[PDB]
């Protein structure tokens, strides 16, 4: 009954290779996203490995692997592509929008570059948990519809079970798609991609279209990174092929949500220069946008490209600043705000304070009371009490009740984030065949702004 179309295949010829997934050995479905399946209109019967393991095609699907290129760790890498993933099809929804179904781990393709074409259970689980977590934090992201595991050995640092993730997203367009055809000296294919993107995702733009479009591409990336900074998400691999044109979080690998507040956090152990450290994300995404701008210069006026690039800073800082004010419960903008936040961040960094728990406990603040669960979390309690006294004194300038402010703060400061230790515990149980933890953790991550009475709100063990 579902409606699939071959929009990419037919409108962007010679940008992909058509092929089928390669099923794994004894593949089994271990989790699917019931809520997302409902919003997509997927009959519950389709989950009873089937399409989720690349073993069945639905009417209208026409699987293909896309080509693209990227700058990796700041240097041009040339062609990369869908080396282990396949766009099974584009699902048309009743409101006219369209959603990609991309099977990650689907098998060898022309872009596999001597790799095995496979994904592993631990990484499919992590990507499913982080992407769904990001969605319910309200941050744009690819979504996770299903995981299958299998009996197929896949060789990494150790042998792993081969697994597939069904990833859903409005598009998998990457900055690297544009770079691919620019460096392959195919400027009309770069322009075809741009016009495809505008037709399907910026359709309201009448035919100044490129200036307005690229200004909005910049805005959406600036907004994305501002959101990552506010929640403490470190991506770890901001290569240009992992930058979504639409401003979605894309390609969860060696990511991390902060536990202790560490501005220079390096989540990716292969990032030996810290290029993708947490505090570098805003500079890196501007550099990525600058590389994307270069590809558009054959048909977008340079003044327009630079007007868009110039706006990145203010879009990012306005989003970040307004969001941090919400997190602090600053219900009017005041001059001392920036200094109070710098003081708090300095306190947290020097105390190695937990990021999420600090803001969640701060949401319990009673402006006329010096008591707080935060006091016990600081070794230097006097320094904390001093900041907290000045913070509450400033809160009083808003003239807002504790009830109203706590409601706001609890609506924007999550009680829980997808910490590495939580994902790892889910992985260990799934690997032994027990999916209860994976399901329970997914359920909790759908409700990040509610308090909990279990250990999903707990810091990782010190040892």
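Numbering follows the first chain given and starts at 1.
- The modelled chain is continuous from residue 188 to residue 189, with every intervening residue of the deposited sequence accounted for.
- Missing coordinates between residue 48 and residue 49 amount to 1 to 3 residues of the deposited sequence.
- A summary of the deposited B-factors shows that, of 272-280 and 137-145, the stretch with the larger mean C-alpha value is 272-280.
- Taking only CA atoms, the mean B-factor in the PDB entry is higher for 21-29 than for the other of 21-29 and 441-449.
- Note on the listed residues 297, 326, 223, 353: the highest Cα temperature factor in the record is that of 297.
- Based on the entry's C-alpha B-factors, the most elevated value among 303, 127, 241, 337 belongs to 337.
- Ranked against the other modelled residues of its chain, the C-alpha B-factor of residue 43 as given in the entry falls in the highest third.
- Sorting the modelled residues of the chain by their CA temperature factor places residue 267 in the middle third.
- Looking at the C-alpha B-factors along this chain, the one for residue 96 belongs to the highest third.
- The PDB entry assigns residue 219 a C-alpha temperature factor belonging to the lowest third of its chain's modelled residues.
- In the deposited entry, the Cα temperature factor of residue 392 sits in the top third of values across the chain's modelled residues.
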